[PDB]
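Residue numbers (the authors' numbering), protein chains in the order written: chain I, 111 to 261; chain C, 111 to 261; chain B, 369 to 414. We put the beta carbon where it would ideally sit given N, CA and C, even for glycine. What follows is a short report on a single structure.
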Amino acid sequence: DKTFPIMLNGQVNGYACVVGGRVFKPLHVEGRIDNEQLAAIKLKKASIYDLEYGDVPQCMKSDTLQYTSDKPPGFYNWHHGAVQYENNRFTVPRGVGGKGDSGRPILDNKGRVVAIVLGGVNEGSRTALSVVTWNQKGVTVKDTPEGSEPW
Amino acid sequence: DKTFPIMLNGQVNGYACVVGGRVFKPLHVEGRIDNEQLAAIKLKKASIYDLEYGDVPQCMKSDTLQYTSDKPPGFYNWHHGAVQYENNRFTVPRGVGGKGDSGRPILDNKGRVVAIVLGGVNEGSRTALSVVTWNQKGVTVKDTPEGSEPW
Amino acid sequence: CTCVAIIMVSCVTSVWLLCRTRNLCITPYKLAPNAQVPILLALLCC
Numbered sequence: 111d112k113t114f115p116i117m118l119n120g121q122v123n124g125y126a127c128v129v130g131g132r133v134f135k136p137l138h139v140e141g142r143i144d145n146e147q148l149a150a151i152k153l154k155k156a157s158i159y160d161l162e163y164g165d166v167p168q169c170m171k172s173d174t175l176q177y178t179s180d181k182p183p184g185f186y187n188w189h190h191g192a193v194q195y196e197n198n199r200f201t202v203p204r205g206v207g208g209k210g211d212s213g214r215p216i217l218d219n220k221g222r223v224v225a226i227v228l229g230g231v232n233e234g235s236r237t238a239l240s241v242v243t244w245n246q247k248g249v250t251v252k253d254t255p256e257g258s259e260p261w
Numbered sequence: 111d112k113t114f115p116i117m118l119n120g121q122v123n124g125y126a127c128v129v130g131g132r133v134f135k136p137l138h139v140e141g142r143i144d145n146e147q148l149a150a151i152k153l154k155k156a157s158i159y160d161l162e163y164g165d166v167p168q169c170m171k172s173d174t175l176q177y178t179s180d181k182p183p184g185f186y187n188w189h190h191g192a193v194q195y196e197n198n199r200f201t202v203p204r205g206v207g208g209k210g211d212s213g214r215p216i217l218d219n220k221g222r223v224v225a226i227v228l229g230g231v232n233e234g235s236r237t238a239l240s241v242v243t244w245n246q247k248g249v250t251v252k253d254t255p256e257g258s259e260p261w
Numbered sequence: 369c370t371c372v373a374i375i376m377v378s379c380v381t382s383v384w385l386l387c388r389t390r391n392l393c394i395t396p397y398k399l400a401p402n403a404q405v406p407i408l409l410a411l412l413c414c
């Protein structure tokens with residue numbers, strides 16, 4: 111599932127995709143869809159998340175993985191790359207601009223996708239962040255790094 | 111157990127057989143029996159499946175295996191060959207004509223036969239499908255890929 | 369005459385619906401053609 115950007119007046123506001131059907135439609139900020147051809151359809155909302163539900167087409171079958179919540183501190187890739195921290199969010203360093211970076215998923219090294227960003231950049235030299243993922247029971251964990259930098 | 115075809119006006123409508131007695135008599139579509147000699151007998155029905163029960167002769171002893179429901183995503187052979195997917199049905203690719211292909215069993219590589227097709231060809235490039243098998247409790251799992259291509 | 373007629377027709381209608389329901393109740397066990405483990409019901413294969 112390609113990181114279809116959301117062209118917010120020429121931006122890439124959400125470089126979103128569909129992890130097996132349900133698309134990472136972020137009602138978070140904005141953006142003219144990249145796959146507007148595919149994205150000609152409408153979507154749900156997400157109050158707890160400012161997002162939307164894709165439920166991609168049958169033609170759009172075989173979209174992306176939806177790795178489970180099983181995760182230690184491990185380097186899950188992103189546009190900024192990978193980072194490995196679990197208790198605190200992934201051990202990225204301070205120096206990546208989360209604003210705009212919203213839409214980066216947890217590209218765990220096992221081909222695993224289990225999470226995607228929500229904000230909360232950094233105070234120390236490291237950068238743990240806010241995310242959205244599956245919870246301990248696999249619930250739709252909406253991770254909120256306290257004092258979150260927008261996106 | 112040979113895949114005895116069902117000659118639907120010269121077709122092979124069901125290349126059926128008996129997995130240890132009970133024959134894969136598909137009331138699904140049609141076909142003049144291949145082993146009509148053996149198939150001179152009558153059969154039961156199957157409302158939930160459009161099938162029939164063989165209960166093959168004592169002379170017809172040693173027919174075929176009836177492998178249990180224990181199955182991961184594994185390449186079980188067919189007329190079209192083998193395919194390996196479990197959550198979604200076996201990971202065949204789109205490009206096989208399920209219509210007419212009804213009667214292909216789950217020829218698992220361990221000499222295991224636990225399932226047989228029911229329909230539901232493909233939307234994505236892969237082809238998971240509808241089947242009939244043993245359930246989690248071993249119940250007669252009649253697998254129905256939602257939006258099933260006939261056979 | 370009218371009452372005996374109507375009561376007989378009512379009873380026979382009930383009878384056919386009985387048989388319908390009974391064969392419908394039969395229909396489940398057609399799982400067992402798999403020839404596998406028993407599920408402790410009125411009919412027998414010990």
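query, result
"For the candidate residues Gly191/C, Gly213/C, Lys135/C, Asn197/C, whose alpha-carbon lies nearest to that of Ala149/C?", "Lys135/C"
"Going by C-alpha distance, which of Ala126/I, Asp111/I, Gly120/I is nearest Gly213/I?", "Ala126/I"
"Against chain B, with Cβ distances strictly below 9 Å, would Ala150/C count as a contact?", "no"
"Report the residues of the stretch 145 to 172 of chain I with a CB closer than 7 Å to any CB of chain C, ordered along the chain.", "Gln168, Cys169, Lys171, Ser172"
"Could you name the residues of the same chain whose beta carbon sits closer than 7 Å to that of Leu161/I, not counting the 5 residues immediately before and after it, in chain order?", "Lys135, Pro136, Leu137, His138"
"What residue does the beta strand (DSSP E) around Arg390/B start on, and which one ends it?", "Segment 370 to 394 is the alpha helix (DSSP H) holding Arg390/B; no beta strand (DSSP E) there."
"Leaving aside the five residues before and after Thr113/I along the sequence, list all residues of the same chain whose C-beta is less than 6 Å from its C-beta, in chain order.", "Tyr125, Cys127"
"Report yes if the CB atom of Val251/C is closer than 9 Å to the CB atom of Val231/C, and no otherwise.", "no"
"Helix, strand or coil for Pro406/B? Go by DSSP, reduced to three states.", "coil"
"Confirm, please, whether the CB-CB distance from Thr237/C to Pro260/C is below 9 Å.", "no"
"Measuring only between beta-carbons, confirm whether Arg199/C sits less than 9 Å from chain I.", "no"
"According to a CB-to-CB cut-off of less than 8 Å, which residues of the stretch 389 to 410 of chain B neighbour chain C?", "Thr395, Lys398, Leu399, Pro401, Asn402, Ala403, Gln404, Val405"
"Between the stretch 233 to 261 of chain C and chain B, which residues of the former have a C-beta closer than 8 Å to a C-beta of the latter?", "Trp244, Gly248, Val249, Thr250"
"In angstroms with no decimal places, state the Cα-to-Cα distance between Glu196/I and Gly248/C.", "40 Å"
"Run through chain B and tell me which residues come within less than 8 Å of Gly131/C, C-beta to C-beta.", "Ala403"
"Between which two residues does the alpha helix (DSSP H) carrying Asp211/C extend?", "208 to 211"
"If I follow the unbroken beta strand (DSSP E) through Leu228/I, where does it start and stop?", "222 to 229"
"Please report the distance separating the alpha-carbon of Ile158/I from that of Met117/C.", "59 Å"
"Could I get the ranges of all uninterrupted alpha helix (DSSP H) runs contained in the stretch 132 to 216 of chain C, with 4 residues as the minimum, in chain order?", "208 to 211"
"Please name the residue, chosen from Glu146/C, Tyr186/C, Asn198/C, that lies closest to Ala225/C on a Cα-to-Cα basis.", "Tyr186/C"
"DSSP has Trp244/I in a bridge; who is on the other side?", "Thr250/I"
"Please state whether DSSP places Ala126/C in a helix, a strand or coil.", "strand"
"On the premise that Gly164/C lies in contact with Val133/C, defined as a C-beta separation below 8 Å, what is that separation, rounded to the nearest angstrom?", "2 Å"
"How about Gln194/C and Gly130/C: are their beta carbons less than 9 Å apart?", "no"
"Going along the chain, which residues of its own chain have a beta-carbon closer than 7 Å to the beta-carbon of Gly234/C, five neighbours each way excluded?", "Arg204"
"Near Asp144/I, which residues of its chain fall below 6 Å by C-beta distance, leaving aside the five closest residues on each side in sequence?", "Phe114, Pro115"
"Check whether the Cβ atoms of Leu409/B and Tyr397/B lie closer than 9 Å to each other.", "yes"
"Compute the Euclidean distance between the alpha carbons of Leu399/B and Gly229/C, then round it to the nearest angstrom.", "20 Å"
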